[PDB]
Amino acid sequence: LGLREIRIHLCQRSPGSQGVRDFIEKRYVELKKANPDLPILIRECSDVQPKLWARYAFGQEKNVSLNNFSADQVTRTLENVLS
Amino acid sequence: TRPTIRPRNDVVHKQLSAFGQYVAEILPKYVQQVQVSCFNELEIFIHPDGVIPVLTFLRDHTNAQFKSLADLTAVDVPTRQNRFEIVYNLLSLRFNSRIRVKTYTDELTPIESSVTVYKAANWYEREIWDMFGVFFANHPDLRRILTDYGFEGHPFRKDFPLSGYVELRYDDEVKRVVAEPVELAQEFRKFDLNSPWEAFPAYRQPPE
Amino acid sequence: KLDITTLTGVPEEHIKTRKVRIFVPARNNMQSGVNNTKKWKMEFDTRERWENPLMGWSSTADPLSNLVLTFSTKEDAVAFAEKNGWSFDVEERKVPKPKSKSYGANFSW
Amino acid sequence: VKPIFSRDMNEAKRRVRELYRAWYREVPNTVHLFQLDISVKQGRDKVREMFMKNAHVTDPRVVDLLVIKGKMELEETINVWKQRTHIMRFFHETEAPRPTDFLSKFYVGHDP
Amino acid sequence: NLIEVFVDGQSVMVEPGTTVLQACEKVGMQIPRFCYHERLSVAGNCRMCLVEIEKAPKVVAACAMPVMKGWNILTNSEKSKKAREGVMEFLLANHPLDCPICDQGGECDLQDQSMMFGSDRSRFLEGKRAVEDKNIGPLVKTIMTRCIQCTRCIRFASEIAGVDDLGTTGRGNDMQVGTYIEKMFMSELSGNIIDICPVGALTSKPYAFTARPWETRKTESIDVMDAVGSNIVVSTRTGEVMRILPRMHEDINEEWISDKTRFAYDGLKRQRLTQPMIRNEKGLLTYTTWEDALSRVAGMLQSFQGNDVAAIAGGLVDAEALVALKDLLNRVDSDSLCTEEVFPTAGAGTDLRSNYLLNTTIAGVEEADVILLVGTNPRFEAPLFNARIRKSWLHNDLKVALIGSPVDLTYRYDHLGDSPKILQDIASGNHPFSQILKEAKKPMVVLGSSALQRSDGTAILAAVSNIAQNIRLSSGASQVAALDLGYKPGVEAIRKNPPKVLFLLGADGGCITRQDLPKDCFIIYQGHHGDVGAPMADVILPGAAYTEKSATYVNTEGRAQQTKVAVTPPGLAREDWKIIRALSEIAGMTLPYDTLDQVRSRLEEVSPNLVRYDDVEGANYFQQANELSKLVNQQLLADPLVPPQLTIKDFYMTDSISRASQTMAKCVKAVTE
Amino acid sequence: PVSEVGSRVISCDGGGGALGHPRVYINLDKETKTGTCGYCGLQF
Amino acid sequence: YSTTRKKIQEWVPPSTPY
Ligand code: SF4
Ligand code: SF4
Ligand code: FES
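The deposited coordinates for this entry were obtained by cryo-EM, with a reported resolution of 4.0 Å.

**Student:** Tell me about a nonpolar patch on the surface, and name the residues and values.
**Tutor:** There is a patch of nonpolar side chains on the surface, built from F191 and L193 of chain B together with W214 of chain E and spanning about 340 Å² of accessible area. As for its position among the elements, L193 of chain B is in the segment after β9 (176-180).

**Student:** Give me the lowdown on the site of ligand 1, citing residues and values where you can.
**Tutor:** Taken together, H95, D98, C99, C102, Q104, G105, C108, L110, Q111 and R146 of chain E are the residues near ligand 1. When the residues that make up the shell around ligand 1 are grouped by side-chain class, the tally is four nonpolar, four polar and two charged.

**Student:** Give a detailed account of the interface of chain E and chain A, specifying residues and quantitative values.
**Tutor:** On the side of chain A, 24 residues touch chain E, which itself brings 30 residues to the contact. When residues of the side of chain E that touches chain A are traced back to their parent elements, those giving at least two are α8 (319-331), α14 (480-484), α18 (596-606) and α19 (623-630) of chain E. When grouped by side-chain class, the residues that make up the side of chain E that touches chain A number 11 nonpolar, 10 polar and nine charged.

**Student:** Just give me the short version of the nonpolar core, but keep the residues and values in it.
**Tutor:** Membership of the largest hydrophobic core comes to 49 residues, with the highest contact counts inside it found for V297, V323, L325, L485 and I524 of chain E. Secondary structure elements with two or more residues in this core: α5 (102-108) of chain D together with α7 (290-300), α8, α14, α17 (576-587) and α18 of chain E. Take this core: its biggest share by element is seven residues, from α8 of chain E. Ignoring sequence-local partners within four residues, the contact set of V323 of chain E consists of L485, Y487, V599, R602, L603 and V606 of chain E. Of all hydrophobic cores here, the second largest spans 45 residues; its members include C35, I136, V140 and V199 of chain E.

**Student:** So what about the site of ligand 2? Which residues, and what values?
**Tutor:** Surrounding ligand 2, one finds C147, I148, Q149, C150, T151, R152, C153, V177, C197, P198, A201 and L202 of chain E. Classifying every residue of the shell around ligand 2 gives nine nonpolar, two polar and one charged.

**Student:** Account for the environment of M72 of chain D, with residues named and values stated.
**Tutor:** Residue and element names in this part refer to chain D. Position of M72 among the secondary structure elements: in helix α3 (residues 60-78). According to the relative accessible area criterion, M72 is buried, its value standing at 13%. Taking the C-alpha atoms as reference points, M72 and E26, separated by 46 residues in sequence, lie 14 Å from one another.

**Student:** Break down the side chain of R27 of chain C for me, with residues and values.
**Tutor:** Among the structural elements, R27 of chain C can be located in the loop between α1 (13-16) and α2 (74-83). In this structure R27 of chain C is buried but unpaired, with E38 of chain E as the nearest side chain of opposite charge at 6.0 Å. For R27 of chain C, the side chain forms a polar contact with the side chain of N29 of chain C, separated by 2.4 Å. Polar contacts involving the side chain of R27 of chain C include one to the main-chain carbonyl oxygen of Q31 of chain C, which spans 2.5 Å. Setting aside residues no more than four positions away along its own chain, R27 of chain C makes contact with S32, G33 and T37 of chain C together with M248 and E255 of chain E.

**Student:** Help me get a handle on the UniProt feature "binding site: [4Fe-4S] cluster 2" (unreviewed entry) in chain E, residues and values and all.
**Tutor:** Residues and elements named next belong to chain E. Mapped onto this numbering, the UniProt entry gives "binding site: [4Fe-4S] cluster 2" (unreviewed entry) at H95, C99, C102 and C108. Checked against the element boundaries, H95 lands in the loop between α2 (78-91) and α3 (109-116). Assessed through its relative accessible area of 15%, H95 is described here as buried. Once residues lying within four places of it in the same chain are set aside, the contact partners of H95 are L110, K128 and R146.

**Student:** Please set out the packing of helix α1 (residues 13-33) of chain D against helix α2 (residues 40-53) of chain D residue by residue, giving values where relevant.
**Tutor:** Residue and element names in this part refer to chain D. At a closest axis distance of 9 Å, the pairing of α1 and α2 adopts a crossing angle of 150°. Of the possible angle classes, the one that applies to α1 and α2 is roughly antiparallel. When the axes of α1 and α2 are compared, the crossing they make is right-handed. Between α1 and α2, the residues in contact are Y20, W23, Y24, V27, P28 and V31 and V40, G43, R44, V47, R48 and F51, respectively. Looking at the contact of α1 with α2, its residues break down into nine nonpolar, one polar and two charged.

**Student:** Help me get a handle on the sheet that holds strand β10 (residues 241-246) of chain E, residues and values and all.
**Tutor:** Residues and elements named next belong to chain E. Taken together, three strands build an open sheet; the order of strands is β8-β9-β10 and the sheet is antiparallel. Taken across any chain shown, the strands that pair with only one partner, and hence form the sheet edges, are β8 (217-222) and β10. Each adjacent strand pair in this sheet contributes to an overall mean axis angle of 30°, direction not counted. As judged from the six bridges shared by β8 and strand β9 (residues 231-236), these two strands associate in the antiparallel manner. Counterpart to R217 in the pairing with β9 is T236.

**Student:** Can you lay out the sheet that holds strand β1 (residues 3-9) of chain A for me, pointing to particular residues and giving the numbers?
**Tutor:** All names here are of chain A. Pairing in this open sheet of three strands is mixed, and the strands run β2-β1-β3 from one edge to the other. Whereas interior strands pair on both sides, the edge strands pair on one side only; in this sheet they are β2 (40-43) and β3 (51-56). Put simply, the sheet's adjacent strands are angled 15° from each other on average, direction ignored. Sheet analysis places β1 next to β3, joined by five bridges and oriented antiparallel. Looking at the pairing, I6 lines up with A54 of β3.

**Student:** Any chance you could break down the side chain of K564 of chain E for me, citing the residues and the numbers?
**Tutor:** Within the secondary structure layout, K564 of chain E lies in the loop between β19 (523-525) and α17. Residue classification places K564 of chain E among the buried residues on the basis of a relative accessible area of 13%. A polar atom in the side chain of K564 of chain E sits 2.3 Å from the side chain of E91 of chain C. In this structure, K564 of chain E is in contact with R21 and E91 of chain C together with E220, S221, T547, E548 and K549 of chain E, ignoring residues within four places of it in sequence.

The rules behind these values
- Residues numbered from 1 in each chain as written, not as in the entry; some residues may be left out.
- Chains lettered and ligands numbered in written order.
- Part of a larger assembly, values for the part shown.
- Heavy atoms only, no water.
- Residues with missing side-chain atoms left out of burial classes, pairs and counts.
- Patch = residues over 30% accessible without salt bridge, like charges linked within 9 Å, V, L, I, M, F, W, Y side chains within 5 Å.
- Areas by Shrake-Rupley, 256 points an atom, 1.4 Å probe, with all protein chains shown as cover.
- Salt bridge = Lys/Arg side-chain N within 4 Å of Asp/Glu carboxyl O.
- Helix = DSSP H or I, 4+ residues; strand = E, 2+ residues; numbered from the N terminus.
- Near = heavy atom within 4 Å.
- Nonpolar A, V, L, I, M, F, W, Y, C, P; charged D, E, K, R; others polar.
- Contact = heavy atoms within 4.5 Å.
- Core = buried A, V, L, I, M, F, W, Y, C linked by side-chain atoms within 4.5 Å.
- Buried < 20%, exposed > 50% of the residue type's maximum accessible area, 1.4 Å probe, protein only.
- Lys, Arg positive; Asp, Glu negative; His and termini not counted.
- Polar contact = N/O pair within 3.5 Å; in protein donor to acceptor, adjacent residues only side chain to side chain.
- UniProt positions renumbered as here; feature names shortened; annotations may be inferred.
- Axes fitted to C-alpha atoms, helices over the stretch in contact; angles between N-to-C directions.
- Parallel < 35°, antiparallel > 145°, perpendicular 65-115°, else oblique.
- Left-handed = near helix turned anticlockwise from the far one by under 90°.
- Pairing = 2+ DSSP bridges.

Right, dumping it as structure tokens:
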């Protein structure tokens, strides 16, 4: 179970964010109910490109950049998220 | 309103005013403005390229037989598109009166030397060169004075610490005086005397 | 990007490992005055200052702690430090919001 | 916009090379006349280093201005202006060593 | 719709009404003043503000008459000037020749007004009145005699501190702003008057005589005694802090400051870490080289890579230290992100950020039409906020309610009952109060941090949120920073005993229990006082106070502004994080950053919302979604809910620095005796 | 050293006419009083 | 010589064990 944490960044106004903004109002609670385990930090950071981050015990980190992706795609990399 | 305050003559203010107008019309390819400081000191401006031609005529008669530079001051100011601000006093003898032309300059643009026009300005070119960055073109020999040899950074740059970045001290192991960073004791205590409440309604810039 | 670092004799240390801190100074609050508040200035960061073993004086190492410079506009200040190739920390002018006042509102009821 | 000297880079680089020729050839005379006991090589190397100090400047006018400030020094050593102290000054030889390693600095002082 | 009005010459489209003073303030020309003060109240005394109407023969007080109808006003008119000289001679007719000794001497407004306007010759030629002192408390040094009856301070007390103990007394000369009766005036905003007092009639005893205004450098930064994050101007006479003053800022302190913070610095001077101290074989603390110590523990903590090791922050520390320690904890395989407050984390308020946020700006508090206090009494944790709500309390007739305590806030407010009772009842609209909460515009739900512990903190949070859900349906330090970066649980409840705990400051949580110590007496202690944590901890690391560090702190609103450097660490001590950036480098797991700015770039990754120092705003998780996020838990509750502070004396001592304070000790002795 | 008598307010200067501390008015009688720099208390 | 006593007066670890 290598991942310890996961995080996500999202500017509130870039259009490329909304395909991820839409991901949060609905998919999220489903995720936490599906993810009692490791932390799933969300941020309102105004970085123009929303991002994704993932801790290990190693300290190495997933760094998934995204651009205007559909929320289902967010879900896709999210299911690509594993152990 | 008599015993303390200076009387300030109207007359001189008149003559300088009209004369400022006089030169203003004679050669207006470059006289940006001919402001008269109210205590009887005329002072026209100059486009930096225009230094030689103006001063040249300034020796040349019409009335402007203002021979002898009194000085070549170099006021600094960190703001402005070009910081350094050069100034030339001048004196006419037969009509015993003084004027004061002045320009402006980039940190990097080489304005020409004015040694030929006022004659006794050779020393000044060297001065301002070693007290500032500014360069004078067509000057026979800029070089350091009023400094050490190396030393490098110009003083009077309005920034640049008065304590400088260096110090000499004699060192027996090498048996020689040597440079070394300031290590200054006591530190220049720096009072901030400047105070609230503007004293001068007669000036004071618009809030903008 | 008119860098002039070579022209100034300033040692690399102090164009590098320290930062300017542009701001318009706050009113001394003991004062009710406003004059000194206005106009940008360009304070540097503090460094070490110990004590003289003798007499207890505040002996000091840094070349340029006391330096400070007024300005008329912030953009001019930032551009200024840029000409010097300086690291900077620009801060907002923070003019107080205008406020309503009424001697009679004290006597509502 | 008025240029100081050379237009565009490279035209100014040749100037600086000329300057290196002048300095380099002059150096043994400097060590001789000044009775400097620096290794005759060392001055040369140090010259090359000082030439590396601004080996990234890229502005138009600034470099020629750099050779203006570069002339005056050989101008001084050739006229025996400056002295043994003044010319030995460049080697910073009396200074206590100051490693740039983070931890090394870290033990020593409060640092920036 | 806003009237044209002429400042002396130029036209100005001034706001409707508004005082002549405010008009010239708008053009920026500044009228001489004393008794008037914005963020206080207008008054007709001290007629130093007289100005001449363009036509009407007699001058009128500048802060009195609102401008209207194309008025012109010659501030510089000669009759105005004769008026001002006229008044100034009167003020100086009795103020005692005390300039050299009066501690206000460097910048007393009365001096500068005397210079800019007052006639220089004296022409009073009789006898000044002078009066006996009125002792008032541990702090303020009243002298009177230098008093000029700008009532000001009373208008401070009745209208902000809310106490009306002090007041004017008597008539004509002999009238005095001193309170009748010997009784001491203690209040939490008692300190700010030392700022507000026009002259030297009231000046801080602890700072008295120690320094002069033209001397001290005036660094800008922010307070740390509170997470409220108010802006300040620290003032130092060369290599040493002298006195603190508030720095005005609209979102927070606005020209005010607390009081515990105002005198907090004094503790720095006393007991403090200086050199690393290993336990000796005898178990005594003993002074040591920094190098051997740090290398010692650097090797010591490798054996336990994975879990075991357990860093413990204090309540004051320290953004850069938390990122640095964070990589300390991820480069090692497992870790203990343990704060101190027993803050509940299941249902995760952290991941959405907004639940631990104070959603409306404190600047927005005056806009709220109802406040629902929960357990904690605001004055003793967010004093500025208490000032804010009181400010609106005068500005607005808006309701507030205690849920619940017997605490003595200055203003009228509804008192409720017990936790699960009144909370879940109003949540289910059983309470009549739920109704008024329904009709209320932009309702505000104030839940204190202190309330969350209290055995079942999560239950209270669930109950209060429900109230938030209902309103929406009807319609019409060392804390917030960690949750900005997810260091939850934060509570020490993970244990599971983990060997080799790593205090950042055990002065706080070391009072708790040393239960892991028999299992492992060893405790690295990275504090800056010998208080509490040091004696029961092997390997001591000296560390910097907040004045030195550039490290940012987060406003409870989520604003994340930073303190600036001031006076450098006292001794061998370094800035806190930098010790860690050393430590990782020793371990071989050297961290990517090294400069402060590289690691500001690491805030620029791991957050990157902290690197927006004044920028509170965010996309927001929406309260309903957070409610759904927490909906899956829900658990049993209980009635009691008592705030930690209650009494002010309890407020005087919190973090170890405050107990290192001489003057705070003098205050706790003062109120108790 | 011993306090001067008063009833009540009275001058102090430190005794040096344009040589002492600048003139002030202590204001006590039966009470101990003052002062500037001059210790000239008015306890009486 | 130096005048005006001391500065920080830093605290030290107790003699007693644990
Ligand atoms: S403070 Fe009071 S006493 Fe001291 S100078 Fe200003 S006015 Fe005179
Ligand atoms: S108390 Fe402060 S404000 Fe009230 S009168 Fe005395 S000095 Fe003026
Ligand atoms: S403020 Fe206008 S009367 Fe004092």
